[PDB]
Each structure stands twice: as structure tokens, then as C-alpha cells.
Ligand SMILES: OCc1ccc(OC2CCOCC2)cc1
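Residue numbers (the deposited numbering): 16 to 224.
Take a look at the structure:
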């Protein structure tokens, strides 16, 4: 069972701007996604100090980067707090409406796309390099869900029947045909060292077979 939702008009406008604006410094997408993962890990860590059973779904707090040249995907996996169905459909979009408006106004005043994370909508930088993004997520209080969007104004949510994740989020970037540099080990290493060197969780870059 697949449910299809319309983005709020403001978020659809943001995604079109990201897809259509000429902007060569695309590599910042990875910093933004790693930052989101780090924030999600911070959140479950803090909650676990007062309810240690919140880690029954997995004690390890980490970020994995998994390139796959056969599928042309880059996957960013974290074992953070995860998101509920309500997060995916309602809560995050509500927060993203105000962040988008601030970001859009900042861009009109001379900011550039790399500053997107200062407005809390860094996830959408994924569309600098991906034609489709799939988000698989599992929160302790809800079921495992798959969110997906190729932009165009809509996204889908379904219950996920794949490999159970325990807790956390996987962002699968289905890369654009001309963005396969972000599947190369040396390129990912370079970007992590440049932009994500002090993240407080282990980042493991998987090697391809
Ligand atoms: O833990 C990583 C992560 C992944 C995606 C996120 O944002 C939502 C934005 C649009 O709706 C689908 C998900 C936030 C955090």
C-alpha cells in the first residue's frame, strides 16, 4: 500500500530551485546529510540518558557511507533516533516551511546554496546530485517506513518490507548520470575530510566489491 502526498508549495519551490539553479559546488550535499545524521544520533543519545531502554533497538551510534556503482546509489546510514510516520508526513514539512522561506529570502539577498543547512532544510541538497531519494527509517515508537521522491511536487510513503533496520535512517541517493564521481572512494574521502572532519560519531566509508 503506497500513499502519495503533495509537498507544500514552498518546499516544491525549494526543490525546483535546487534542481534548476546553476551551481557547481554540489559536494556540500554530503556535509548536509552527515550533519543531519549526527543530529539524529545526538537525539537518541540524549534520550537514552534518562531511558536506557531506548537503545534496546541498537547500542551502536554510527554513520555508514555505502557507494554502489552497479545500482548508481550512494547510501548514508545512521543509527539515530529515526522518524515516525507523523514526522515524514506532517512534522518535518511544517518546520521546513519557515526554514525554506528564510533560505529563499537569504538567497535573494546574496546568500548561496551552500548555506542551506543554516536554515534547517539541508536534506533537500540531496537533489543537487540525486534524481530520486529514498529514505528508509525506523523510530522506536513506530514501524519501518520508506519515503521516496523524484521531486515533481509529490512524495510517497509506504510501510517498508525490506531488511529490518533496528533503529535509524538510511538515505539512498539515486545519483544523476553525470554525478557518479560521488561513488568514488577518493572523492568521498576528500569531501568527508574537507567538510565533516569533526563529526562526533564514527563515519565508515564502505569499499566497493
Ligand atoms: O537521519 C537522516 C535524515 C534523513 C532525512 C531527513 O529528512 C526528511 C526530509 C523530507 O522527508 C523525508 C525525510 C532527516 C534526517
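For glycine and all other residues, C-beta sits at the position ideal for the given N, C-alpha and C.
- Per DSSP, reduced to three states, the secondary structure at residue 112 is helical.
- Under the three-state reduction of DSSP output, residue 183 falls in the strand class.
- Taken through DSSP and simplified to helix, strand or coil, residue 67 comes out as helix.
- Short note on residue 20: C-beta not closer than 7 angstroms to any heavy atom of ligand 1.
- Cβ-Cβ distances below 6 angstroms link residue 171 to 17, 19 and 163 in the same chain, with the five nearest sequence neighbours on each side left out; the list follows chain order.
- Pairing residue 203 with residue 80 gives a Cβ-Cβ distance under 8 angstroms.
- With a cutoff of 8 angstroms on beta-carbon distance, residue 140 and residue 151 are scored as not near each other.
- Residue 181 places its beta carbon less than 8 angstroms from that of residue 73.
- Not one heavy atom of ligand 1 sits closer than 7 angstroms to the Cβ of residue 140.
- Taking a C-beta distance under 8 angstroms as the contact criterion, residue 91 and residue 186 qualify as a contact pair.
- A heavy atom of ligand 1 is found nearer than 7 angstroms to the CB of residue 184.
- For residue 51, the shortest C-beta to heavy atom distance toward ligand 1 is below 7 angstroms.
- Put simply, of 219, 114, 188 and 218 the residue whose alpha carbon is nearest the alpha carbon of residue 83 is 188.
- Annotation: residue 192 to residue 147 spans about 12 angstroms, alpha carbon to alpha carbon.
- Look at residue 95: its beta carbon is less than 7 angstroms from one of the heavy atoms in ligand 1.
- Under the three-state reduction of DSSP output, residue 223 falls in the coil class, being neither helix nor strand.
- No Cβ-Cβ contact shorter than 8 angstroms links residue 222 with residue 205.
- As the crow flies, the alpha-carbon of residue 106 is around 27 angstroms from that of residue 41.
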